[PDB]
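Trainee: no sequence on hand, only this structure:
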């Protein structure tokens with residue numbers, strides 16, 4: 001028990017690329033999110049009891065988007081700060 005905002009920032013920022021890319025890598029490179037997003041989502045939720053869960057929240061939106069693989073043909077799912085809402089849909093803290 002000793003997680004600090006910095007630690008979470010180090011991993012949350014690095015793992016977002018390799019982690020998601022791996023578990024998701026299983027399917028054709030289907031992941032193209034931005035940093036502003038990872039920071040925005042967590043910033044709106046910030047709800048969690050450890051990084052493990054946090055990473056789970058990111059993976060949730062990431063793959064949740066992978067499922068949409070049934071789209072027209074747009075390859076690489078872009079999860080900018082806007083799409084982030086379309087995927088998550090709804091939030092907890094309202095401004």
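Mentor: Done, it's in. Residues are numbered from 1 along each chain as shown.

Trainee: check which helices and strands the helix or strand hosting residue 55 sits against.
Mentor: Following DSSP states H and E, one finds residue 55 within helix 51-67. Packing contacts for helix 51-67, counted by 3 or more C-beta pairs under 8 Å, 6 or more residues apart in numbering; DSSP states H and E, involve helix 5-15, helix 18-19, helix 35-45, strand 78-79, helix 83-88. C-betas here are computed from N, CA, C, even on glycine.

Trainee: identify the residues contacting that helix?
Mentor: Helix 51-67 is contacted by residues 3, 7-8, 11-12, 15-16, 19-20, 23-24, 27, 30-31, 33, 38, 41-42, 45, 48, 77, 79, 83-84, 87-88 when judged by C-beta atoms under 8 Å, 6 or more residues apart in numbering.

Trainee: ok, stretch 31-45 next?
Mentor: 12-13, 16, 20-21, 24, 54, 57-58, 61-62, 65-66, 76-81, 83-84, 88, 91-93.

Trainee: list buried residues within the contacts of helix 51-67.
Mentor: 8, 12, 15-16, 19-20, 24, 30-31, 33, 38, 41-42, 77, 79, 83-84, 87-88 (16 or more other C-beta atoms under 10 Å).

Trainee: and residue 80, what does it touch?
Mentor: Residue 80 touches 33, 34, 36, 37, counting by C-beta under 8 Å, 6+ apart.

Trainee: now with 7 Å?
Mentor: Contacts for residue 80 were tallied using C-beta atoms under 7 Å, 6 or more residues apart in numbering; they are 34, 37.

Trainee: and it, how far from residue 23?
Mentor: 21 Å (C-beta to C-beta, to the nearest Å).

Trainee: swap in residue 12?
Mentor: Taking C-beta to C-beta, one finds residue 12 at 16 Å from residue 23.
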